[PDB]
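Before we start, here is the structure in question, set down as structure tokens.
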Amino acid sequence: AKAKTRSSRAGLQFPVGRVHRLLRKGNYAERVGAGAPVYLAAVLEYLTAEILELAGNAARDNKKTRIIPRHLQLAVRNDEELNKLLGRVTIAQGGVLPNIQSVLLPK
Amino acid sequence: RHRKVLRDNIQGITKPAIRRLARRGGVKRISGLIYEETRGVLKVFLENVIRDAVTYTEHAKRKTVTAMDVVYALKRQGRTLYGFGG
Amino acid sequence: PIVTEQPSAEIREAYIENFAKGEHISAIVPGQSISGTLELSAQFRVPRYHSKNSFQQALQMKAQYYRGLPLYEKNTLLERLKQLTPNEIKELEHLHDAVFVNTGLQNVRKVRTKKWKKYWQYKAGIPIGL
Amino acid sequence: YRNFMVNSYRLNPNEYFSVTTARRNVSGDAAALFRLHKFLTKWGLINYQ
Amino acid sequence: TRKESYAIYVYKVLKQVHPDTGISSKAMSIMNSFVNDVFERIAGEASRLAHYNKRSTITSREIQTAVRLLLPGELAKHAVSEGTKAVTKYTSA
Amino acid sequence: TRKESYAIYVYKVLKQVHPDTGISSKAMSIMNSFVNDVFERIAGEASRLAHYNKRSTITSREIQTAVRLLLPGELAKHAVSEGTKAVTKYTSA
Amino acid sequence: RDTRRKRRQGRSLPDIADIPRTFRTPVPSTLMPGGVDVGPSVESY
Amino acid sequence: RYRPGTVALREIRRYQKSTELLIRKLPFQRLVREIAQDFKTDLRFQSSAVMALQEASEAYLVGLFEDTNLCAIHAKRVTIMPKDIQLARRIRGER
DNA sequence: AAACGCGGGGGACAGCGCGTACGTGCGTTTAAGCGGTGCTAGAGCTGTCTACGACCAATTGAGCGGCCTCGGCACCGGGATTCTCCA
DNA sequence: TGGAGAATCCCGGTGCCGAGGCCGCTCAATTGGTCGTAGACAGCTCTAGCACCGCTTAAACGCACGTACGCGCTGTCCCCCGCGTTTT
């Protein structure tokens, strides 16, 4: 019947039947066990909350209510486990964290 | 009724083993600061594989270790090695 | 062989000389004590007077001292254990375990008092046993 | 508590019988044991030599 | 031409998480890329496990195994629980 | 159980190529470890390309691109030849 | 990061499982069991 | 007797003239049971999984000692110091 | 083997020298980039289309597991060789 | 620049287990028919990359130079390994 999206059944924003549709689409298995899309959309919303947390943190730390990729750089690259997990992910218009080498500092 | 659990054979891996491998790795005067500076860092290598590899075992519903999941983990880490099937 | 401190009288001082700074050291140092381990449950257990199925089959059919107990004669105890019921076997097991643990605590308590009486003399300048 | 502190000082009078060992060896709140130890060392009787 | 994206969904988790902070569409695009990025990462890892043990029913047990494997530290154990959490909300519903 | 072993075909290539020299089964196990490993490297790359073309077909052009992007120098170009040429032999037979 | 997820599902407390042990740094006390024997000696020299 | 220093390099010949590992093996198998039994016990330990990692260890370590002396001789030393190793592992991305 | 030592002499290290280099400042443009055109190109969108291997039926020998060697190379005895350290 | 000696390389005798093939016996790999459908491929459109110059002007560049640091040179001491040890 209607598109009554399966995220509301899971308390989610990410429609778990779009996720089940994508898992049937992604050739991961023949049967897509119907909790695997909920596991996916659930880890998805957990990490969406994880990063939107630090994103709004760094954005209002720069006194802006608009979260920008520079804020994404300064929030993500300050993290141990995130930047340890994302050592090879680059953020365009993220730039650098402000930091100088220690002996290049004049005395 | 005997519990066989081992711990830190990395000193049973001798410091003469470092005086071997440092020459195999091209070191002349291995200072005393080096020999155990080695023995920690490789142990960082050691658990991290099996931390995933034991993770292979239980979803596989097993109580043994194969080199199959060693290969799963090493290739999973980008440590591709031949001699083992594939 | 009556204490369990660090017997080297130069590592205990170097431990405090760095402890006031707030630094660890190489060797270890425990607090002083006496030796001896009070190891229970690797010792006398609750005995197994029941069989592997002597309770569920009883459920279907609707049923001088060695350590702390004196050794009974062969004929007198046999008619006594021809009297009891498997409602009281679980009582008897725990009664005999309560005797065994009490004796195994009494003798170790006596040895422990004999050790502490020599600890307090040693830590007060008396040599021993005076 | 008082007999414990006085008996424990007089085994080795060259040692300052601290509050922390008295707190670690008898069961009670630290405030009352601290006040009793400071009263006791106020009148001699412990840590006098 | 309504084409399913995650811009209003990242907006949903935004106003679920930082309603005090609006977004740039650049950060929105970074996250919309990131969604399908790890959606492919973990599920290709899961198909890798589904070929490790030659399985054709990837359930949330298998995504649990992938979350166990790939993610470092709490990122595993949280996505262990959180990935179970709405699973327990959907296996109920 | 007929398990598709790669001792004999690689050894056919050895008796074609360095036939004076045998091969240890440790080395033959290196080859047998090489075979499906390499058979799936470019295969996963190529299915990624098959969705870069968004195609449910894969032709030898797709393997040609898998050769084209990736392999260093003439190892590409000979396999640009060879990968096509035996294709040119298979389109001849 | 545990508390980072208490807020997400809480939008929609002491740990009684971690029972700590009691190790104590030894007081510098001569007579008392549990303390190191630094400082003034038992003999008066 | 002799001086400090001389007989290293033929070792650097011979070890790299040869193909083997340079490590104790009963500590190797006991270390494998050691580390794999720490995560989940009761593993019945095939020696395949035991020996399957030693090439992945020792050769990379050997490669690390070359980078160690690379930073040591770039800083102009052969008494190699862990400053060289950790600057290498920094530029290796390990450190 | 490990393992424990142990001269022992030069390698690390400090440290001093020296001199130049590399920024720094500022003069000098200058091409950077911006607008601003003019346009058109292939991207893009549709528009049908058929062929293509799918898929599955039949088959069949492939090829490889289990079954037969015997020999390439390791092991070792002995000697020749060849690098190194003190004359 | 040279011999003594310790390590190495090389060469002769042994033998073996692994490399390779042998012997079925499938089973997978093929051929044989679809099968619409996938992408094959025609048309359409429109756009979106296209250079281009007007022009600025500050960035780049042009150069004076000043000294800092990087190395020039040393002595050391140290320190780590080598020779000898055995046990583990």
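Just to be sure I understand the filter: pairs with C-beta atoms under 6 Å, separated by 6 or more residues or on different chains, first member in the stretch B:4-24 and more than 7 Å from every other protein chain (Cβ to nearest Cβ), second member within 10 Å of DNA strand J (Cβ to nearest atom). Which pairs pass?
Hits for this filter: B:15/B:35; B:18/B:35.
Picking from B:26, B:12, B:40, B:83, which residue would you name as being within 27 Å of residue H:5 (Cβ to Cβ) and surrounded by 16 or more Cβ atoms within 10 Å (Cβ to Cβ)?
Criteria check complete, one pass: B:26.
Now a separate question. Name, by its number, the condition in (1) within 16 Å of DNA strand I (Cβ to nearest atom); (2) aromatic (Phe, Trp, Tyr); (3) closer than 25 Å to residue B:85 by Cβ that does not hold for residue H:60.
Only one criterion is unmet by residue H:60, namely (1).
List every residue pair whose Cβ atoms lie under 9 Å apart, where the two residues are 6 or more positions apart in sequence or sit on different chains, the first residue falls within the stretch E:50-73 and is closer than 11 Å to residue A:36 by Cα and facing chain A (nearest Cβ under 7 Å), and the second residue, located anywhere, is part of a loop (DSSP other than H, G, I, E, B) and of a type in the set (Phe, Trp, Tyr).
Close Cβ pairs (under 9 Å, with a partner that is part of a loop (DSSP other than H, G, I, E, B) and of a type in the set (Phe, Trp, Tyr)) amount to E:58/A:28; E:62/A:28.
When you look at residue F:1, is it more than 18 Å from the chain's Cα centre (by Cα), more than 7 Å from DNA strand J (Cβ to nearest atom) and either under 20 Å from residue B:75 (Cα atoms) or not basic (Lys, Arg) (or both), yes or no?
Values: more than 18 Å from the chain's Cα centre (by Cα): yes; more than 7 Å from DNA strand J (Cβ to nearest atom): no; either under 20 Å from residue B:75 (Cα atoms) or not basic (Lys, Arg) (or both): yes.
In short, no.
Would you pick out the residues in the stretch A:1-21 that are closer than 18 Å to residue E:34 by Cβ and within 7 Å of chain E (Cβ to nearest Cβ)?
Of everything in the stretch A:1-21, those that are closer than 18 Å to residue E:34 by Cβ and within 7 Å of chain E (Cβ to nearest Cβ) turn out to be A:12, A:13, A:14, A:18.
Same structure again: Taking the stretch F:42-93 on its own, how many of its residues are more than 28 Å from residue A:25 (Cβ to Cβ), not in a helix (DSSP H, G or I) and not hydrophobic (A, V, I, L, M, F, W, C)?
4
If you go through the stretch H:64-95, how many residues are more than 14 Å from DNA strand I (Cβ to nearest atom), within 17 Å of the chain's Cα centre (by Cα) and more than 7 Å from chain B (Cβ to nearest Cβ)?
Filtering the stretch H:64-95 for residues more than 14 Å from DNA strand I (Cβ to nearest atom) gives H:64-67, H:86, H:88-95.
After this cut, where a residue has to be within 17 Å of the chain's Cα centre (by Cα) as well, the list is H:64-67, H:86, H:88-89, H:92, H:94-95.
Keeping just the survivors that are more than 7 Å from chain B (Cβ to nearest Cβ) gives H:67, H:86, H:88-89, H:92, H:94-95.
Matching residues across the stretch H:64-95 total 7.
Identify, please: which residue in the stretch F:8-43 is under 16 Å from the mean Cα position of the chain (by Cα), within 12 Å of chain B (Cβ to nearest Cβ) and surrounded by fewer than 15 Cβ atoms within 10 Å (Cβ to Cβ) and is, among those, farthest from DNA strand I (Cβ to nearest atom)?
Step by step, filter the stretch F:8-43, then rank; the result is F:41.
Looking only at helices (runs of 4 or more DSSP H) that lie completely in chain D, which have at least 3 residues being surrounded by fewer than 16 Cβ atoms within 10 Å (Cβ to Cβ) and not aliphatic (A, V, I, L, M)?
Those helices (runs of 4 or more DSSP H) span D:2-9, D:30-42.
Give the residue that is surrounded by the fewest Cβ atoms within 10 Å (Cβ to Cβ), with candidates limited to residues of the stretch H:1-11 that are of a type in the set (D, E, K, R) and either away from DNA strand J (no atom under 16 Å from the Cβ) or not in a loop (DSSP other than H, G, I, E, B) (or both). First the steps, then the outcome.
Keep residues of the stretch H:1-11 that are of a type in the set (D, E, K, R), which gives H:1, H:3, H:10-11.
Now narrow it down to the ones that are either away from DNA strand J (no atom under 16 Å from the Cβ) or not in a loop (DSSP other than H, G, I, E, B) (or both): H:10-11.
Values: H:10: 11, H:11: 20.
Ranking the candidates gives H:10 first.
Then there's this: Condition test on residue H:87, is it buried (at least 20 other Cβ atoms within 10 Å of the Cβ) and either assigned to a loop (DSSP other than H, G, I, E, B) or on the phi < 0 side of the Ramachandran plot (or both)? So that I can check it myself, show each step before the final result.
Values: buried (at least 20 other Cβ atoms within 10 Å of the Cβ): no; either assigned to a loop (DSSP other than H, G, I, E, B) or on the phi < 0 side of the Ramachandran plot (or both): yes.
The answer is no for residue H:87.
Here is a list of conditions, (1) facing chain E (nearest Cβ under 7 Å); (2) assigned to a loop (DSSP other than H, G, I, E, B); (3) buried (at least 18 other Cβ atoms within 10 Å of the Cβ), and residue A:52 meets all of them except one; can you say which number that is?
Condition (2) is where residue A:52 drops out.
Run residue B:61 past the list (1) basic (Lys, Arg); (2) under 27 Å from residue H:19 (Cβ atoms); (3) surrounded by fewer than 19 Cβ atoms within 10 Å (Cβ to Cβ) and report the number of the one that doesn't hold.
(2)
On the basis of being small (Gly, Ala, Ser), within 14 Å of DNA strand J (Cβ to nearest atom) and within 19 Å of residue F:86 (Cβ to Cβ), does residue F:24 make the cut?
no
With the checklist (1) more than 7 Å from every other protein chain (Cβ to nearest Cβ); (2) closer than 30 Å to residue H:7 by Cβ; (3) not aromatic (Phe, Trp, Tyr) in hand, flag the one item residue B:62 doesn't pass.
(2)
Filter the stretch E:74-83 down to residues that are within 7 Å of chain A (Cβ to nearest Cβ) and within 20 Å of residue A:10 (Cα to Cα), then give me how many there are.
Qualifying residue count, the stretch E:74-83: 4.
Can you say whether residue F:80 is under 13 Å from the mean Cα position of the chain (by Cα), away from DNA strand I (no atom under 12 Å from the Cβ) and not small (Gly, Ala, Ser), as far as the supplied structure shows? It would help to see each step written out before you state the result.
Working: under 13 Å from the mean Cα position of the chain (by Cα): yes; away from DNA strand I (no atom under 12 Å from the Cβ): yes; not small (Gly, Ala, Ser): yes.
Answer is yes for this residue.
Regarding the stretch F:71-92, can at least one residue be identified that is within 30 Å of residue B:72 (Cα to Cα) and either touching a strand residue (DSSP E or B) at 6+ places or on another chain (Cβ under 8 Å) or of a type in the set (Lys, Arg) (or both)? Show your work before the answer.
Within the stretch F:71-92, the subset within 30 Å of residue B:72 (Cα to Cα) is F:71-72, F:75-76, F:79, F:83.
Subsequent filtering for residues that are either touching a strand residue (DSSP E or B) at 6+ places or on another chain (Cβ under 8 Å) or of a type in the set (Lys, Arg) (or both) retains none.
Looking for residues that are within 30 Å of residue B:72 (Cα to Cα) and either touching a strand residue (DSSP E or B) at 6+ places or on another chain (Cβ under 8 Å) or of a type in the set (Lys, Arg) (or both), one finds none in the stretch F:71-92, hence no.
Could you pull out the residue among E:61, E:55, E:41 that is in contact with a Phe, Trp or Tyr (Cβ under 9 Å, 6 or more places away or on another chain) and closer than 24 Å to residue B:76 by Cβ? Steps first, please.
Working: E:55 fails: in contact with a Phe, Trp or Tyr (Cβ under 9 Å, 6 or more places away or on another chain); E:41 fails: in contact with a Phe, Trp or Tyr (Cβ under 9 Å, 6 or more places away or on another chain).
Result of the check over E:61, E:55, E:41: E:61.
Looking at the stretch B:43-59 only, could you name the residues that are within 17 Å of the chain's Cα centre (by Cα) and facing chain H (nearest Cβ under 7 Å)?
Of everything in the stretch B:43-59, those that are within 17 Å of the chain's Cα centre (by Cα) and facing chain H (nearest Cβ under 7 Å) turn out to be B:45, B:46, B:47, B:49, B:50, B:51, B:54.
Shifting gears a bit: Those residues that are away from DNA strand I (no atom under 16 Å from the Cβ) and either under 15 Å from the mean Cα position of the chain (by Cα) or more than 7 Å from chain B (Cβ to nearest Cβ) (or both), I need them from the stretch H:1-52; list them, please.
Across the stretch H:1-52, the qualifying residues are H:32, H:38, H:41, H:47, H:50, H:51.
Are any residues in the stretch A:1-46 surrounded by fewer than 23 Cβ atoms within 10 Å (Cβ to Cβ), more than 16 Å from residue E:61 (Cα to Cα) and aliphatic (A, V, I, L, M), and if so, which ones?
Once the filter is applied, which keeps residues that are surrounded by fewer than 23 Cβ atoms within 10 Å (Cβ to Cβ), more than 16 Å from residue E:61 (Cα to Cα) and aliphatic (A, V, I, L, M), the stretch A:1-46 yields A:1, A:3, A:22.
Sticking with this one: What pairs can you find where one residue is in the stretch F:1-25 and under 18 Å from residue B:82 (Cβ atoms), the other is more than 9 Å from DNA strand I (Cβ to nearest atom) and among the small types (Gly, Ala, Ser), and their Cβ atoms are less than 8 Å apart, with a gap of 6+ or different chains?
The qualifying pairs are F:7/F:25.
Within the stretch F:53-61, is even one residue within 12 Å of DNA strand J (Cβ to nearest atom) and under 23 Å from residue B:86 (Cβ atoms)? Give the steps one after another, and end with the answer.
Within the stretch F:53-61, the subset within 12 Å of DNA strand J (Cβ to nearest atom) is F:53-61.
Checking the rest, the ones that are also under 23 Å from residue B:86 (Cβ atoms) come to F:58.
Looking through the stretch F:53-61, at least one residue is within 12 Å of DNA strand J (Cβ to nearest atom) and under 23 Å from residue B:86 (Cβ atoms).
One residue is enough: does the stretch H:29-45 have a residue meeting the conditions closer than 10 Å to residue B:24 by Cα, touching a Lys or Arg at 6+ places or on another chain (Cβ under 8 Å) and more than 13 Å from DNA strand J (Cβ to nearest atom)?
Taking the stretch H:29-45 and keeping what is closer than 10 Å to residue B:24 by Cα, we get none.
Within the stretch H:29-45, none of the residues are closer than 10 Å to residue B:24 by Cα, touching a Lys or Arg at 6+ places or on another chain (Cβ under 8 Å) and more than 13 Å from DNA strand J (Cβ to nearest atom).
Positions of Cβ are generated from backbone atoms using ideal geometry, with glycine treated the same way; all protein chains shown enter the neighbour counts. Laboratory data are not the source of any read-out in this text; all were calculated from the coordinates shown.
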